[PDB]
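Novice: Just so you know, the protein sequences line up as chains A, B, C, D and E, in that order.
For the first sequence, position 123 (counting from the first letter as 1) is numbered 123 according to full-length UniProt numbering, and the numbering increases by one without interruption.
full-length UniProt numbering runs 1 ahead of the 1-based position in the second sequence.
full-length UniProt numbering runs 1 ahead of the 1-based position in the third sequence.
All letters in the fourth sequence, in the order written, are residues 3 to 99, 110 to 180 by full-length UniProt numbering.
full-length UniProt numbering runs 1 ahead of the 1-based position in the fifth sequence.
For every residue, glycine included, the Cβ atom is placed at its ideal position computed from N, Cα and C.
I am attaching a structure below and will ask some questions about it afterwards.
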Amino acid sequence: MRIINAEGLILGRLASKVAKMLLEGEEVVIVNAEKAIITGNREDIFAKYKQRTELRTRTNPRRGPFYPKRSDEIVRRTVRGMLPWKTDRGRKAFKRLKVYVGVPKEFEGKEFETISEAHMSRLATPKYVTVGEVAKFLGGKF
Amino acid sequence: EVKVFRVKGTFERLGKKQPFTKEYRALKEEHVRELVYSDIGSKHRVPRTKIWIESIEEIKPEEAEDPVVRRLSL
Amino acid sequence: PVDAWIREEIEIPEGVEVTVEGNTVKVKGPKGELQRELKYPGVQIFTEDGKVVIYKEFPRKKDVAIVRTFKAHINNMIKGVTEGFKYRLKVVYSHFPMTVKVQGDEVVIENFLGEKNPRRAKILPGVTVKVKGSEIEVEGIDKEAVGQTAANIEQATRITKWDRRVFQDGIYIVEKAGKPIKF
Amino acid sequence: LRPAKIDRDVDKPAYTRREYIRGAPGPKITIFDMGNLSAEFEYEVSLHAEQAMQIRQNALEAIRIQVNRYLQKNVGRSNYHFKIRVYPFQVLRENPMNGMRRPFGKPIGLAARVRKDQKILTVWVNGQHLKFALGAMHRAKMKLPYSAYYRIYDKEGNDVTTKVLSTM
Amino acid sequence: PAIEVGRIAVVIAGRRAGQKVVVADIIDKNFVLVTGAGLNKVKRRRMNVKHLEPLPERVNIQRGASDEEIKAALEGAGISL
RNA sequence: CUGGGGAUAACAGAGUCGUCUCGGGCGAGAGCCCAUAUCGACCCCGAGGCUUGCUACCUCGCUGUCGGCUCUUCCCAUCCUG
RNA sequence: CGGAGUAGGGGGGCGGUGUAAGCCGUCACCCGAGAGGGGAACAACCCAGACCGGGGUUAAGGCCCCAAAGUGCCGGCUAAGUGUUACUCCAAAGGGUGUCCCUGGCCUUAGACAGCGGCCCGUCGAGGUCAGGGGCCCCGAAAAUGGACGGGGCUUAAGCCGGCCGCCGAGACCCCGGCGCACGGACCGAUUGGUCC
RNA sequence: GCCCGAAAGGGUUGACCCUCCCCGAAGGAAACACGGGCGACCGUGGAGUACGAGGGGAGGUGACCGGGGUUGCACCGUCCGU
């Protein structure tokens, strides 16, 4: 499997590249997911993700959009949105993915990778927020 | 061999005309032409037929009163 | 693009030592250190010949503003480690004389308008409050620390329920670092 | 009475012949000239329309009264000449209900039709009341169904609005 | 590094993708005048600063320069192009 | 009574918004004097679809209904409570 | 000379009436009576008119992932997730030292703020000040099950302006083979014809 | 992918697959070498080459092929009459 360090990276571009990988048949691990950035303004982003959390099915909430509050799950969910989820192909591609907060010991002592196309260096604007900030706002653990 | 060019023309927007004068640094005047068109069409949403350049000339670096050009040419 | 290459210098005095280290300015002087963080894309900060230089190589309006702003902040830090900043407040009362006390990191005001519950104003690290009669001093070395302390003490005594043309008692700022306040 | 968006537009034939229209109403505004009529003033100040409009006599009389009061108290009669240029000939129609059986409007009102870049009003004034002239024009512009713009003409009928604005 | 007169730079875009250059004049906020003065193929042209990578290396010249002068200063300074 | 009709009404839906509810611009004038504490004329510009109308696109044997009782949920243009 | 069917039309453009929705006509391009490729899906909006098997180049339009092909090139703008809507399905009058630009007057080696004092000197000595016009954005701007740029998401863009360079993509157009039809001809038939060109 | 497969269909006078050559419609590269453009890229040569639906031929291998039943994957697809 390939190991990718989200640290200084942009979420959507990271996810686009990773999803193409997954479909072309690889295994991907993402570490330090709390350290990716989201671009925009803080009020806008928080409003978006709160409005998403408070969506649910009025008749039975044991159904319902289960939109997450943790950082690793935020990342995993973006990637999912970038795949065909209603198809065996997509379900297998998605099962070939794993996302972690931090760097577990299991992966410690190994050389990571970084996607060129996604990186904070491209930016010209001091306006960015972190996924960990979003998670703290929403009430998630780490 | 960098020259300083003055440009004078006219441009039209919603039926109304407006003259303009500008000054640029370059080697050739074709580059000046392209840049004029680009900048005006960005800043006033004006196509290239509705821009009529009537004069492109060369001058020297003290008959120039744009701050950037003057401070780059000294 | 207003200009080409805005740059502004700051003359450094005798006993002061300025140094930059990774977008963090550090100033040492006859009393105390002061560090701060001044970050903006395309803005540099360094020392050439005994000066502090701030530079931007094709500014718009909102870059010029930021550059002059950083200028003001670094001047503040220099004059602060070199002289310090001092603030004054005044106390007024019609009925119900109140008593102001310091204890640790708070300012306790008791019997304000006859209340049975005191009022607590926070002091910040590096700032010293000092009561002398009906006049108060707040001295310090960081402009913002001293201002926030004074302002906390003043806001401690706020009214929202009655006419302030008749109910005027409280503690008020009268000099914000040497400059008076008139109306 | 009924809103003016119903009568703003011009997409409809003209209806100006009283020797065929039964029950055609009569005008409200009956005064179109004010101030010193015999006069040789310096500066002319006129509203032009920015697009075709259809202006009711209610609005015209409102404008008249407001502007004339303002200038009578701020300028004086011997120093201004105020004129309204357009008369209401267009008859307005309303359907009396039955529903939409036999729909053809019975007349209710009048309007003036005005085309693009046409003059509506004019204040002739000396050089030391221009501020008041332009305030009057603001007040009038505020009461029309679509927008408008002003110029400042010289005798010899020339545009001097820029040279005058820049210096006052 | 930062673009300036006399600066030695590399090319990353075009037909000459990977080749050394001496920057001889500053036309604008976007364009510089390049030449490698007979020590290679590159001629005297304009280039977008995007399409260049500066270097620590550098020589001293006068603003608005010629290929003989650049070659002389290069021989003196010890920089290979 | 028969044969038929949404080629055609009453009823809820769709469309529209003159009317309706909720608003705005300008500043005449009133407020001891003071255009804006409050009120804001005459004229001009709008939102919503909770009134009523207009039209006739769906339904003529699906069900044709008003009020009340029971039960759950939503909007804010906020009556109290912060 | 013989045999019919049709006497409820509709989208779109033009005209009369109407607050408008709609009503009445007209035009003869389309649906009806029309497949296929695109617009998220769509009777009539764009490309385009269809025997059968195969090969290749294009149109409409598209090229970050979903999804075939550009994380494409140059210049400039927007900070509001504005926008990411050809049309189908999308808010105004009135306003804004928000920012980027054009134009024209008045000032200037002491100007426009400050400070020290009675229109002024010096003082810090370099660009100011007034109006008018445009581009993008902002305020004006409030709904009912749980949410809709088609979705994820995107901020020197994956948005807007002005231009450019290469690819993808139909049953369209080119080519190869096969079937039938209409027209004409020859030969050949115990009758409505058959074999071939 | 699993299962049936005697005859009526082909086949040891040789099935499936394999490689070799010749002709070859419409169409049609790349590396690489020289130069033009800020640049994405283009021009000349390489080159109408390599290839290309199909039409012919020469050989090796030695038993299935076509057909049928069910089902997995990817794309496409809102029944019938009125």
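1) What are the residues in the segment 5 to 35 of chain B lying within 7 Å of chain E by C-beta distance?
2) What residue does the beta strand (DSSP E) around C/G171 start on, and which one ends it?
3) Have a look at C/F47, C/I13, C/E9 and C/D4 and flag the residue whose alpha-carbon is nearest the alpha-carbon of C/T25.
4) Going along chain B, which residues have a C-beta under 7 Å from C/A5?
5) Based on the DSSP output, what are the partners of A/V18 in its beta bridges?
6) Is the Cβ-Cβ distance between D/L133 and D/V176 less than 8 Å?
7) How would you call C/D106, buried or exposed, if buried means at least 16 neighbouring beta carbons within 10 angstroms?
8) Would you mind reading off the limits of the alpha helix (DSSP H) that contains C/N77?
9) If we cut at 8 Å on Cβ distances, does E/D29 have a partner in chain B?
10) Rank A/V99, A/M120 and A/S71 by C-alpha distance to the C-alpha of A/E27 and give the top, closest one.
11) Flag E/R8 as yes if its beta-carbon sits less than 8 Å from any beta-carbon of chain B, otherwise no.
12) Is there a C-beta anywhere in chain B that falls below 8 Å from the one on E/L34?
13) I'd like to know whether the C-beta atoms of E/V43 and E/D26 end up nearer to each other than 8 Å.
14) Provide the residue span of the beta strand (DSSP E) that contains B/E13, from first to last.
15) Taking the continuous alpha helix (DSSP H) assigned at A/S71, which residues delimit it?
16) What does the alpha-carbon distance come out to for the pair C/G141 and C/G85?
17) Which full runs of the beta strand (DSSP E) of 3+ residues lie inside the segment 9 to 56 of chain D, going along the chain?
18) Starting from the beta carbon of C/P2, find every residue of chain B whose beta carbon is closer than 7 Å, and list them in chain order.
19) I'd like to know if the segment 34 to 51 of chain D and the segment 77 to 84 of chain D are in contact, where contact means that at least 3 CB-CB pairs between them fall below 8 Å.
20) Is the number of C-beta pairs between the segment 83 to 95 of chain A and the segment 45 to 64 of chain A that are closer than 8 Å three or more?
21) Where C/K177 and A/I45 are concerned, what is the direct C-alpha to C-alpha distance, given to the nearest angstrom?
22) Interface residues of chain B around E/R47 at Cβ under 7 Å?
23) Name the DSSP beta bridge partners of B/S74, please?
24) Are the CB atoms of C/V139 and C/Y88 within a distance shorter than 8 Å?
25) State the DSSP-derived secondary structure class of D/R95, mapped to helix, strand or coil.
26) Assuming D/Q68 contacts D/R151 under a Cβ cut-off of 8 Å, what Cβ separation, rounded to an integer in Å, is found between them?
27) Would you mind telling me which residues of chain E sit closer than 8 Å to B/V3, beta carbon to beta carbon, in chain order?
28) Where D/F34 and D/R87 are concerned, what is the direct C-alpha to C-alpha distance, given to the nearest angstrom?
29) With E/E69 as the anchor, note down where its alpha helix (DSSP H) starts and where it stops.
30) What is the rounded straight-line gap between the Cα of C/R61 and the Cα of D/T174?
31) On the CB-based measure, 16 or more other CB atoms within 10 Å of its CB, does D/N97 come out buried or exposed?
32) Jot down the residue ranges of each uninterrupted alpha helix (DSSP H) in the segment 78 to 131 of chain A, minimum 4 residues, whole runs only, in chain order.
33) Residues in the same chain with beta-carbon distance under 7 Å from E/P55, minus the five sequence neighbours each way, listed in chain order, please.
34) Work out the CA separation of C/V82 and C/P126 for me, nearest whole Å.
Specialist: Based on what the coordinates show:
1) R26, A27 and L28
2) As a first step, residue 171 of chain C is located in the third sequence; it is residue number 170 there, counting from the start. Looking at the DSSP string, the run of the beta strand (DSSP E) that includes C/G171 is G171 to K177.
3) In the third sequence, residue 25 of chain C corresponds to position 24, counting from 1. Closest by alpha carbon: C/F47.
4) In the third sequence, counting from the first residue as 1, residue 5 of chain C sits at position 4. Result: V69, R72 and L73.
5) On the first sequence, residue 18 of chain A is found 18 positions in, with the first residue counted as 1. According to DSSP, A/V18 bridges with nothing at all.
6) Taking the first residue of the fourth sequence as position 1, residue 133 of chain D is located at position 121. Taking the first residue of the fourth sequence as position 1, residue 176 of chain D is located at position 164. The answer is no: Cβ separation not under 8 Å.
7) Position 105 of the third sequence holds residue 106 of chain C. By the 10 Å Cβ count, C/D106 comes out exposed.
8) Indexing the third sequence from 1 puts residue 77 of chain C at position 76. That run of the alpha helix (DSSP H) goes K62 to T83.
9) The residue given as residue 29 of chain E occupies position 28 in the fifth sequence. Chain B contact via Cβ: present.
10) Taking the first residue of the first sequence as 1, we reach residue 27 of chain A at position 27. Ranking A/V99, A/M120 and A/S71 by Cα distance to A/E27 puts A/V99 first.
11) What you label residue 8 of chain E is simply residue 7 of the fifth sequence in a count that begins at 1. Answer no: the Cβ-Cβ gap between E/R8 and chain B never drops below 8 Å.
12) In the fifth sequence, the residue the question calls residue 34 of chain E occupies position 33. Judged by the 8 Å Cβ criterion, E/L34 is in contact with chain B.
13) The count along the fifth sequence starts at 1 and reaches residue 43 of chain E at position 42. The count along the fifth sequence starts at 1 and reaches residue 26 of chain E at position 25. Contact flag unset, no.
14) On the second sequence, residue 13 of chain B is found 12 positions in, with the first residue counted as 1. B/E13 -> beta strand (DSSP E) spans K4 to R14.
15) The residue given as residue 71 of chain A occupies position 71 in the first sequence. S71 to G81 is the extent of the alpha helix (DSSP H) around A/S71.
16) Indexing the third sequence from 1 puts residue 141 of chain C at position 140. Indexing the third sequence from 1 puts residue 85 of chain C at position 84. Cα-Cα distance, rounded: 6 Å.
17) 35 to 37 and 45 to 51
18) Position 1 of the third sequence, counting from 1, holds the residue named residue 2 of chain C. By Cβ distance, chain B contributes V69.
19) yes
20) no
21) The residue you call residue 177 of chain C lines up with position 176 of the third sequence. The residue you call residue 45 of chain A lines up with position 45 of the first sequence. Roughly 39 Å separates the two Cα atoms.
22) Residue mapping note: residue 47 of chain E aligns to position 46 of the fifth sequence, counting from 1. The contacting residues are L28.
23) Numbered from 1 along the second sequence, position 73 holds the residue referred to as residue 74 of chain B. BP columns for B/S74 are empty, so no partner.
24) Here the question's residue 88 of chain C lines up with position 87 in the third sequence. Here the question's residue 139 of chain C lines up with position 138 in the third sequence. Going by C-beta atoms, C/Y88 is nearer than 8 Å to C/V139.
25) By one-based count along the fourth sequence, residue 95 of chain D stands at place 93. Residue state, collapsed to three classes: strand.
26) Within the fourth sequence, numbered from 1, the residue matching residue 68 of chain D stands at position 66. Within the fourth sequence, numbered from 1, the residue matching residue 151 of chain D stands at position 139. Correct: roughly 5 Å between the Cβ atoms.
27) Start at 1 with the first residue of the second sequence, and residue 3 of chain B comes out as number 2. Here the neighbours are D26, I28, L34 and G65.
28) Numbered from 1 along the fourth sequence, position 32 holds the residue referred to as residue 34 of chain D. Numbered from 1 along the fourth sequence, position 85 holds the residue referred to as residue 87 of chain D. Computed Cα separation, rounded: 7 Å.
29) As a first step, residue 69 of chain E must be located in the fifth sequence, where it is residue number 68. Element bounds for E/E69: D68 to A78.
30) Taking the third sequence and counting its residues from 1, the one referred to as residue 61 of chain C is at position 60. Taking the fourth sequence and counting its residues from 1, the one referred to as residue 174 of chain D is at position 162. Distance between the alpha carbons of C/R61 and D/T174: 31 Å.
31) Numbered from its first residue, the fourth sequence carries residue 97 of chain D at position 95. The residue is exposed, with fewer than 16 neighbouring Cβ atoms inside 10 Å.
32) 88 to 95
33) Position 54 of the fifth sequence, counted from the start, is the residue given in the question as residue 55 of chain E. Closer than 7 Å at Cβ, skipping near neighbours: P2, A3, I4, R8 and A10.
34) As a position in the third sequence, residue 126 of chain C is number 125, starting the count at 1. As a position in the third sequence, residue 82 of chain C is number 81, starting the count at 1. Roughly 15 Å separates the two Cα atoms.
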